[PDB]
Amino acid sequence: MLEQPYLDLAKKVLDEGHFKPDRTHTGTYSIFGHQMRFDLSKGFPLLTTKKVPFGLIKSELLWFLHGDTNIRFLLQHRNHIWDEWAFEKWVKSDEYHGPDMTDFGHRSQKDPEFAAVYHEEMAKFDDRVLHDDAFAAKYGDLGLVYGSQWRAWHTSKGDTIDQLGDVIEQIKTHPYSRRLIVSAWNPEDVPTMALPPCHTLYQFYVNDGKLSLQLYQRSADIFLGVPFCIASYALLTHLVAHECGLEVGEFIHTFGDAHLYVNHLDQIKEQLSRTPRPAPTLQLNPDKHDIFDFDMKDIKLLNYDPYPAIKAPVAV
């Protein structure tokens, strides 16, 4: 079944892991080095044994492709995945006036009185960013994010480089190129980043008329992130394969440090109780092809039939 590789990753990390400490202080069972392989021609790797919001995987990807960096497009789409970043910044500015929210996303999960002041100032932020133009530009832009590392890699002679736009040229004219790589890992910026890239780099490869993509993710959360990531990329593999006029091959997911947090144990353990169902089917607008200018409407997820979503706490 499509997703078995994924469930097998979790058993392996559970009944074969190794406990180790980490940045957030919850704890983890971890393993190092792991390849997993999905055959997109067989289906779409959106988990069935747990309900994943394609809405979120979808709007975030298109944000990326525009080479955006402002949370404002996401908010525009009710997508709040990246707020806690922009916010934190806003919070540590004296233009921020009020409740010194230090470790806001820490205590808010142990103290319900704070979970209200916090979430209040958040809708302050997100509404301001939504409405005050000068704010959206000042506090809404994140800066170095996948979109800018994909389509605006800052050089040392003052210019921007469109990495993703370029590799796509090479796929048409040199489908056999073994240098078709996009990297988001930048040495000079790496030591001044809230969170240096998890999805470090990817490489496409055109087998006989088919396009494949391999990902190297240095740090993974089997439970909360891996289910999302598998789809951002299986989606990206189609989008590109669309523009270049190629059929679709495989998605090869490779991990450095793959972890399962302590307090997620009971959930993954329950999720394994389920028996996978037939995977959905990605449908794309056959009229439009210039992927950089695709829009939500242009994608369709046919036949998705998932098990209830599983409640789980962010380990922080």
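The numbering used is simple: start at 1 and walk along the sequence shown.
K.L.:
Using only C-alpha atoms and the B-factors in the entry, which stretch averages higher, 221 to 229 or 80 to 88?
P.N.:
80 to 88 has the higher mean C-alpha B-factor.
K.L.:
State which stretch shows the higher mean Cα B factor in the entry: 232 to 240 or 123 to 131.
P.N.:
Comparing averages over the C-alpha atoms only gives 123 to 131.
K.L.:
With respect to the C-alpha temperature factors reported in the PDB entry, which of 247, 39, 68, 290 ranks highest?
P.N.:
Max CA B-factor in the entry, restricted to 247, 39, 68, 290: 290.
K.L.:
Just the C-alpha B-factor column, please: which of 206, 198, 194, 168 has the biggest number?
P.N.:
In the PDB entry, the greatest C-alpha B-factor among 206, 198, 194, 168 is found at 194.
K.L.:
Determine, from the deposited record, the chain-internal third of the Cα B-factor for residue 9: lowest, middle or highest.
P.N.:
According to the entry, residue 9 has a C-alpha B-factor in the chain's middle third.
K.L.:
Relative to the other modelled residues in the chain, which third contains the C-alpha temperature factor of residue 109: lowest, middle or highest?
P.N.:
Its C-alpha B-factor, which the entry lists for residue 109, ranks in the highest third among residues of this chain.
K.L.:
Using the B-factors in the PDB entry, rank residue 34's C-alpha atom against the chain and give the third, lowest, middle or highest.
P.N.:
Ranked within chain, residue 34 CA B lands in the lowest tercile.
K.L.:
By its CA B factor, does residue 274 count among the lowest, middle or highest third of the modelled residues in the chain?
P.N.:
Highest third, going by the recorded CA B-factors of the chain.
K.L.:
Classify residue 153 as lowest, middle or highest third according to the C-alpha B-factor given in the PDB entry, relative to its own chain.
P.N.:
It falls in the middle third of the chain.
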